[PDB]
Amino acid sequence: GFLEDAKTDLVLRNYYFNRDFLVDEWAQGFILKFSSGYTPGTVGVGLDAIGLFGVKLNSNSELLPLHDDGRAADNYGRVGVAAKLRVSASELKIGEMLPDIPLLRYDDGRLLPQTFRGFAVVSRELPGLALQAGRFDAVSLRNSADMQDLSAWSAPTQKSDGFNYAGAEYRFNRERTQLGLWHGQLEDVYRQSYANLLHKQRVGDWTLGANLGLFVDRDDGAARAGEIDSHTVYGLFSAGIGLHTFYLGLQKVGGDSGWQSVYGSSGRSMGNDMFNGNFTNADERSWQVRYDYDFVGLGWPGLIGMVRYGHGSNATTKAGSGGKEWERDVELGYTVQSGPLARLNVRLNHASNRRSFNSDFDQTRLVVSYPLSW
């Protein structure tokens, strides 16, 4: 039922951000999600809403929008609604939403999430197969209260009428393997095709995983961001045992151009994605090593750590070719497991970025999040 199965989730997010090239930002966010149930019947009808509000505290950062003078706003926010319709094992949503698909990953790396306006269909009528398609005609950046036309990261000022997509994922092999094929079009800017293989296998105490991906990009229509021709391949491999996980990522961009994506979106589909980049400049070859540990092994359940290092070379940018870069990320995340503060999450992380072709910097963040649900 519409009211029966309705859930309300509120997240309080206190976010401290520092980047030393020392500049600083501190802010408080509120993210309110109201998700109804579905009316009973052949066509079920529902409504989702999202409320976003951020407040500046005394002190990228992209935590808050900037005034024209370059001064961060005191506060910002917006409210979005989406209608939902369900039939059998298929759903259509229309309005404002948070798309999380391989060709369009909504960003939530700062204070409030990026949202999009459009429609999205998910259909699971055949066992193991999920079909998706949709179109988004406006976007609200993570650091904006407003909606604007979409554009590509490679030319953020060149606007498009919208982003269309369709894709399929098939999961099989006792749920161990998944294949994905996706096609997207940012109208008059670029078209992108993507293939993905996910696979996991247990060898004794080890869990071995692979995430292989291939993107192929070209300009579309009027080609407002210029001519584009790119392909990007990555393989991210994991080996887990007990409380430990090890990763090796390998990636290469080829062709005339870098890898394409929608401006403001997250780079997290890419194998070597890190906090401050994903090594997708034209021609760029990169590798990554990563280690994760679950500190329950030291009597600290709820505490998890990650360290990762990535290096890119052969990078072509406007300035020149043969560019090199590296990033090192470290994170400790703690989630309170029990007691009055249960579910409270504290994440502390640090990134060091060095680039032969751009500015070097270190970055420190502390994010304290508390979820309430009723």
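Residue numbers run from 1 along the displayed sequence.
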For the neighbouring pair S59 and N60, the stretch of deposited sequence with no coordinates amounts to 4 to 9
In terms of residues present in the deposited sequence but not modelled, what lies between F21 and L22: none, 1 to 3, 4 to 9, or 10 or more? 4 to 9
Mean Cα B factor from the PDB record: higher for 285-293, or higher for 236-244? 236-244
5-13 set against 350-358, stretch whose average Cα temperature factor tops the other in the entry: 5-13
In the PDB entry, which of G323, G310, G305, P65 has its C-alpha at the highest B-factor? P65
Highest Cα temperature factor in the entry, among the options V139, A89, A168, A195: which one is it? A89
Once the chain's modelled residues are ordered by C-alpha B factor and cut into thirds, is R124 in the lowest, middle or highest one? highest
Cα B factor band for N75 (lowest, middle or highest third within the chain): highest
Lowest, middle or highest third - CA B-factor, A145: highest
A130 by Cα B-factor - lowest, middle or highest third of the modelled chain: middle
Hey, what third does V81 fall into on Cα B-factor, ranked over its chain? middle
